[PDB]
Every structure is written in C-alpha cells, then in structure tokens.
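Novice:
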Amino acid sequence: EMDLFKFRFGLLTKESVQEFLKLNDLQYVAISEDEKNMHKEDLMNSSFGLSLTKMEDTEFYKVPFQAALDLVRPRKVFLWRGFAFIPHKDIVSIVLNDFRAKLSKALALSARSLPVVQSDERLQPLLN
Amino acid sequence: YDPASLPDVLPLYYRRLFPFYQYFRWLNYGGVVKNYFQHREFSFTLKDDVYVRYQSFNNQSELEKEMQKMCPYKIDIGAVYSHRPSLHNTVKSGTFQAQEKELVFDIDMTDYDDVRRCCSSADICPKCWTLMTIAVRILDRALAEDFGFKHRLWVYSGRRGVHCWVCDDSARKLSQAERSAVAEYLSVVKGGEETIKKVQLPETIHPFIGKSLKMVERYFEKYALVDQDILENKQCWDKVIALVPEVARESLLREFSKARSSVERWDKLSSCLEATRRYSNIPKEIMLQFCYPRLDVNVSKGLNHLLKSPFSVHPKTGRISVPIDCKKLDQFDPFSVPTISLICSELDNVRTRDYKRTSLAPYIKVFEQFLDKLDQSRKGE
Ligand SMILES: [Zn+2]
Numbered sequence: 130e131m132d133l134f135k136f137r138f139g140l141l142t143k144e145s146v147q148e149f150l151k152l153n154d155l156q157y158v159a160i161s162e163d164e165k166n167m168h169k170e171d172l173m174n175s176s177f178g179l180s181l182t183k184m185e186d187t188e189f190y191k192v193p194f195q196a197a198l199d200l201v202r203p204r205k206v207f208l209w210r211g212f213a214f215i216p217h218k219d220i221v222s223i224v225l226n227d228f229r230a231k232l233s234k235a236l237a238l239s240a241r242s243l244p245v246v247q248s249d250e251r252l253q254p255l256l257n
Numbered sequence: 006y007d008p009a010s011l012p013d014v015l016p017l018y019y020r021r022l023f024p025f026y027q028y029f030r031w032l033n034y035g036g037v038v039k040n041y042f043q044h045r046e047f048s049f050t051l052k053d054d055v056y057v058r059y060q061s062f063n064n065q066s067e068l069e070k071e072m073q074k075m076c077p078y079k080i081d082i083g084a085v086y087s088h089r090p091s092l093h094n095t096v097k098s099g100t101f102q103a104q105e106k107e108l109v110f111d112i113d114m115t116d117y118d119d120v121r122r123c124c125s126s127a128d129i130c131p132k133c134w135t136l137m138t139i140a141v142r143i144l145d146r147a148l149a150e151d152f153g154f155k156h157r158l159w160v161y162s163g164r165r166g167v168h169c170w171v172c173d174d175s176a177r178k179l180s181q182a183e184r185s186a187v188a189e190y191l192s193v194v195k196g197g198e199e200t201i202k203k204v205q206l207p208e209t210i211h212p213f214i215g216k217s218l219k220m221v222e223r224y225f226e227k228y229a230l231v232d233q234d235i236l237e238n239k240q241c242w243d244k245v246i247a248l249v250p251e252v253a254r255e256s257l258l259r260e261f262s263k264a265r266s267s268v269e270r271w272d273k274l275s276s277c278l279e280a281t286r287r288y289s290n291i292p293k294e295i296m297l298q299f300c301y302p303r304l305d306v307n308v309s310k311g312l313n314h315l316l317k318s319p320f321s322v323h324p325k326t327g328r329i330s331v332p333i334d335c336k337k338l339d340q341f342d343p344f345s346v347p348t349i350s351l352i353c354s355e356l357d358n359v379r380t381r382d383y384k385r386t387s388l389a390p391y392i393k394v395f396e397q398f399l400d401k402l403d404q405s406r407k408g409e
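Going line by line, the protein sequences match chains C and D. Counting in the authors' numbering, the first sequence runs from 130 upward without gaps. For reference, each letter of the second sequence is one residue, going 6 to 281, 286 to 359, 379 to 409 in the authors' numbering.
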C-alpha cells in the first residue's frame, strides 16, 4: 500500500498536492502573499539558489518544525515562531509516515473485528 | 568561603531558605497531567561523592522530608518517566522509558578556553563574562523567535557558566531526534582542539546567522577590541592571521607593525579584507569563532540527562544557582551571587517569609514571575 501511495503522490501536480494536503487537514503551507512579502528577505536568504523574481513566482508552506527535522538540522529552511517555511521530495516521506501509522492502527482494529466476518460463508473462501 | 563549612550550613539552608513551594509549582506544572511530579527523576550527590538516582517523591511534603534528611551536596533534575523512578526495579524491562523533559542548554566557560586570554580553566573575570552575556542574548532570541518557546528560565550554574530550561509543553514533549535537530540548528562553532578554522559560512547568510552576527556586533568592540585585546601582541594576532587566507597575511603583518591599538588593527584588517569578494564574510567568521556560543549536543540531545537543579549550592564557590532576569542581564554579576555562607549569616541575624530577609529575595522573585507566566499560559490555554 505504501509503495502504491508513494507512486501516486509522485504523480501529483503541486496544485493537486496542496488540495490533498488540505482535504485531510494536514495543513502544510500555505502562506499568504502578504506574509510572504512581510518575510521576503528572510525567505530569499532561507532557500538555497532562489532568485528574486523566481522567488516572487513561488509559494511556500508553513509546517511545524518537528516534521522538517532533516531540513532544519542543516539550516536550509527559515524558522519563524515554531513553523518552517518550506518551498513547493522529502514531503512525501512525512505524508507516508502518517499514512503508515493510520494503516497499522486500522489493520489492528480489523484483526479485532474478524469474528463477525468468518460467519459469512460467502466471503470466507475468498478472504481466508 | 570555607568548604569545610559546607556540611555545617547545608541543613539550615535546606530547612529555611530553599524555596520548596515555588519548586513544586515548577516541577508540578499545575497538576494538569496526573503523576507528572510523581514520575519525575531526581538525583542526589551526598558527602564523599556518593551518587543516587531514580529518586521520586509523592508530593512536596515527601520531598521536603527526604531532602532535609539526606542533606545532599548536589541536586540534579532528570526526566519524567513512564512510571515512578523509585519503583524502576518493579517495572518490566523495556517498559521504563523517559517520556518528557524540559529542553535544556549548558554553556560552560571552559569550552571557550582556546579563545579567551584573561583567564583559563575554571577562572572567570569581568573581562570574559561578556561572552556569557552574548550567549544568553543570541540563544534566547532564537528560542523566542525561531522556535516560539515562550517559557525560558536562565540560571547561573554557580561557577563557569549558565543553563537554560525551556519549559513550554511543546518543548517538553520533543523526541530525541527533535532535540538533536534543535541543538544542531542553534550550533555554529563546530570542531575540537585540533581544528583552527571552526566556522565556514556559505555565500548565503542564513537569517539566523545574520541576527546572531547583529547581536554579536553590539558587544564585539568592547569585548574583543577593548577588553580581550585579541590583537595585543604577535603571539595572539598570529592566531587571527592563522584564521584568514595566507594571501593577505603578509600584507596584514606589516600593517600590524604600524598599529598602536587593537581597534586600529581591526579597522585595518576589515579594510584589507574588503579590498581583497568571496572572503567578505571572513571577519564574520572570526567574530563568530570568538563570540558565538558552544553547545554540547550530548547535554541537550538525551532525554535522560540530569542537570544541576536551580537554587543548588556550588560545592566549591558556594554561590547559589540563581535565576537571571533577561531584562537586567547587562547588570548580572556572577561574583555578587549570594553564597550559602552569606545567606546563613543573614538568616542568623533576625515562617514562609524568612527568605525575604536575605539577599536571595530578588532571585526568588524572578523565579516567581516566571512561574506566574507559566501559570497564565496553563490557564489561558
Ligand atoms: Zn576572564
């Protein structure tokens, strides 16, 4: 399942990606334009190899710093008030982590709810 | 101060001066989480260097009792575990886990020895304390701006440096990996005694480094050019020459032969470097190598780390580990910090207000303000 999910994420355009990150209340940023202008210089000096105009053409996301460990640790993303401002490869990893947690929990619950299904002969030859 | 007099004074202090009420307010964190104070680890160091850990207590009364009974020379606060440390023998193997602890930093003057000229080892003087004065500002600002930690208690270590306790609920739930990330983010001066150039900034200055250099600049002229006199003679400015590319070194030497003041030598060095552009950050690298705090990532990485308790008594200086008010930082003097002997003399010169008659009072007041802020945050939330 994880493999499949990763592939599908790899095929998502940035817009679609953000849509997904919103629909599931993952809330990984998206900063406003006004706040972006507010921290323009900080953002410019935060992201490596980002040009002024090209930066104007890009939108960042706000994430709790506990999820950007690999970025913060070498100081390649600006931190302000406990949130990192991450531009538009690693994110899939965090998403997958969440997914895996959830899925494991779900499987446990399903194994806990097995007796109700074994009585349905129709579905026993298949599932078993 | 006579350290043979330590065993005489320790009980009285622990009986009539150690602020137990506020101490319990702190470590109990408003009772919100059950077993929070009851699962806290303490460790005691008694006479003749006898060390005990996995000490836990039921409430303030038990703590006051067992402490007044043991009369420990050192008190260290540790993690909050999954169960009570006192019963760690009873917990099934692997089920005894450190779960929460304040995020702590230890800055020790001894780690600055290769770059200070006034003192060495455990000696400190007014000429070198400005380094600590810089650190507290450089670090605390980050902790208040980059990470958003709101409840930060700075404490004098008693002799060589300062500790910081970051006690926000978020900061207490940080994993080991998150702590290591925080430590590495704040850490710039990397390397041991075998490396000469310990700071290599990239072409782009990360905003954090810009703000740390801005903080450094305000103090640099007084600390390095006036007090430390890092360019007094050849034996010292040879180091700074050793920290810059050889190409201009000769050009500098002759100039340093015609300069009478280290401020003049700094002006000359800055001008020469500016004339010489990828090296435009070299002066900043020198300033950082002489001013930026050094952090032992092992102190802050591990959850199970036992750090000197506030209001402890230093076994050698006798000074009290007193909180430092951030606003009045520039007025802080590590040599005027009350010693245990002074506060016992004050105590035997006149129930819950006895400490208000000693020189310890304003520091307990700062601690009380910090705890009031924590209580406001616990309520408002
Ligand atoms: Zn000194």
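Cβ atoms here follow ideal geometry from the backbone N, Cα and C, with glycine treated the same way.
Using a C-beta to C-beta distance shorter than 9 Å, which residues of chain C count as neighbours of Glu279/D?
Specialist: Neighbours of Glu279/D on chain C: none; closest Cβ ~21 Å, over 9 Å.
Novice: Does the beta-carbon distance from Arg204/C to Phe213/D come in below 8 Å?
Specialist: Going by C-beta atoms, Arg204/C is nearer than 8 Å to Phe213/D.
Novice: Against chain D, does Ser175/C count as a neighbour if the rule is that its beta carbon must be under 8 Å from one of theirs?
Specialist: With 8 Å as the cut-off, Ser175/C counts as an interface residue toward chain D.
Novice: For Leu274/D, count neighbouring Cβ atoms within 10 angstroms of its own Cβ and tell me buried if that reaches 16, exposed if not.
Specialist: It counts as buried.
Novice: Quick one: measure Cβ to Cβ for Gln27/D and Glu396/D, integer angstroms, because I've assumed they're closer than 8 Å.
Specialist: Yes, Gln27/D and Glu396/D are in contact; Cβ-Cβ is about 6 Å, under 8 Å.
Novice: Cβ atoms of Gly163/D and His323/D: under 8 Å apart, would you say?
Specialist: For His323/D and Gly163/D, yes; Cβs fall inside 8 Å.
Novice: Judging by CA-CA distance, which residue of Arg184/D, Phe101/D, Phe42/D is the nearest neighbour of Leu198/C?
Specialist: Out of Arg184/D, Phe101/D, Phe42/D, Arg184/D has the C-alpha closest to the C-alpha of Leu198/C.
Novice: DSSP puts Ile80/D in a beta bridge; with which residues?
Specialist: According to DSSP, which records beta bridges pairwise, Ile80/D is partnered with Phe49/D.
Novice: If you drop the 5 nearest sequence neighbours on each side, which residues of the same chain put their C-beta closer than 8 Å to that of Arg165/D?
Specialist: Once the five neighbours on either side are set aside, the close Cβ partners of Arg165/D are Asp113, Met114, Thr115, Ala127, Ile129.
Novice: Going by DSSP, what residues sit across from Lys317/D in a beta bridge?
Specialist: The partner list for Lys317/D (beta bridge, DSSP) reads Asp81/D.
Novice: For chain D, find out if any of its Cβ atoms is closer than 8 Å to the Cβ of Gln195/C; answer yes or no.
Specialist: Closer than 8 Å: yes.
Novice: For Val394/D, which of helix, strand or coil comes out of DSSP?
Specialist: Helix at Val394/D.
Novice: Can you name, in chain order, every residue of its own chain whose Cβ lies under 7 Å from the Cβ of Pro216/C, other than the five neighbours on each side?
Specialist: Closer than 7 Å at the Cβ level, and outside the excluded window around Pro216/C, lie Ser176, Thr187, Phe189.
Novice: Please give the ranges of any alpha helix (DSSP H) in the segment 221-251 of chain D, keeping only runs that are unbroken, at least 4 residues long and fully inside the region.
Specialist: Complete alpha helix (DSSP H) runs here, min 4: 239-247.
Novice: Cβ-heavy atom distance between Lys132/D and ligand 3 below 7 Å?
Specialist: The ligand content of the structure shown is limited to ligand 1, which means ligand 3 is not among them.
Novice: Reducing DSSP to helix, strand and coil, say where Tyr383/D ends up.
Specialist: If DSSP states are grouped into helix, strand and coil, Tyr383/D belongs with the helices.
Novice: Return helix, strand or coil for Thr348/D, following the three-state DSSP convention.
Specialist: It is a strand residue.
Novice: Per DSSP, which one or two residues make a beta bridge with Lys191/C?
Specialist: Beta-bridge pairing links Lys191/C to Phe214/C.
Novice: Contact between the segment 129-143 of chain D and the segment 328-345 of chain D: three or more CB pairs below 8 Å?
Specialist: Result yes; three or more Cβ-Cβ pairs closer than 8 Å.
Novice: Going by beta-carbon coordinates alone, are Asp119/D and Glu222/D separated by less than 8 Å?
Specialist: No, these two residues do not count as a Cβ contact at 8 Å.
Novice: How many whole angstroms separate the CB atoms of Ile333/D and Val167/D, which I take to be in contact at a CB cut-off of 8 Å?
Specialist: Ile333/D to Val167/D, Cβ: 7 Å. Contact.
Novice: Does the Cβ-Cβ distance between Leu141/C and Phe149/C come in under 8 Å?
Specialist: Contact: yes.
Novice: Less than 7 Å between the CB of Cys300/D and some heavy atom of ligand 1, yes or no?
Specialist: Outside the cutoff, so no.
Novice: Decide if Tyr117/D is buried, meaning its Cβ has at least 16 other Cβ atoms within 10 Å, or exposed.
Specialist: When all chains shown are included, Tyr117/D counts as buried.
Novice: List, in order along the chain, the chain C residues whose C-beta lies closer than 9 Å to that of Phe213/D?
Specialist: Correct list: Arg204, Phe207, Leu208.
Novice: Do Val38/D and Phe49/D have their beta-carbon atoms positioned less than 8 Å apart in this structure?
Specialist: Not a contact, by the Cβ cut-off of 8 Å.
Novice: With a cut-off of 8 Å on the beta carbons, I'd call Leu191/D and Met296/D a contact; round off their distance for me.
Specialist: That belief does not hold up - the Cβ atoms of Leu191/D and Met296/D are roughly 17 Å apart, past 8 Å.
Novice: Under 8 Å between C-beta atoms, does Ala103/D make it to chain C?
Specialist: Taking Cβ atoms only, chain C never reaches closer than 8 Å to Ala103/D, which makes this a no.
Novice: Kindly indicate which residue of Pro319/D, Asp339/D, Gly311/D has the alpha-carbon position closest to the one of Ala84/D.
Specialist: Here the closest residue by C-alpha is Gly311/D.
Novice: Less than 8 Å separating the beta-carbons of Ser405/D and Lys178/D?
Specialist: No, they are not a contact pair.
Novice: Does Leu181/C come within less than 8 Å of chain D when only Cβ atoms are used?
Specialist: With 8 Å as the cut-off, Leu181/C does not count as an interface residue toward chain D.
Novice: With the cut-off set at 8 Å, would you say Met75/D and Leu108/D are in Cβ contact?
Specialist: Not in contact: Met75/D and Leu108/D (Cβ atoms no closer than 8 Å).
Novice: When DSSP builds the beta bridges, which residues end up paired with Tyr56/D?
Specialist: DSSP output for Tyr56/D lists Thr50/D as bridge partner(s).
Novice: Given a threshold of 16 other Cβ atoms within 10 Å of its Cβ, counted over all protein chains shown, does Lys317/D qualify as buried or as exposed?
Specialist: Looking at its Cβ environment, which holds 16 or more other Cβ atoms inside 10 Å, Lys317/D is buried.
Novice: Under 8 Å between the Cβ atoms of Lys135/C and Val221/C?
Specialist: Yes, they are a contact pair.
Novice: Identify the continuous beta strand (DSSP E) that holds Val141/D and give its terminal residues.
Specialist: That residue, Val141/D, is in no beta strand (DSSP E); its alpha helix (DSSP H) goes 134-150.
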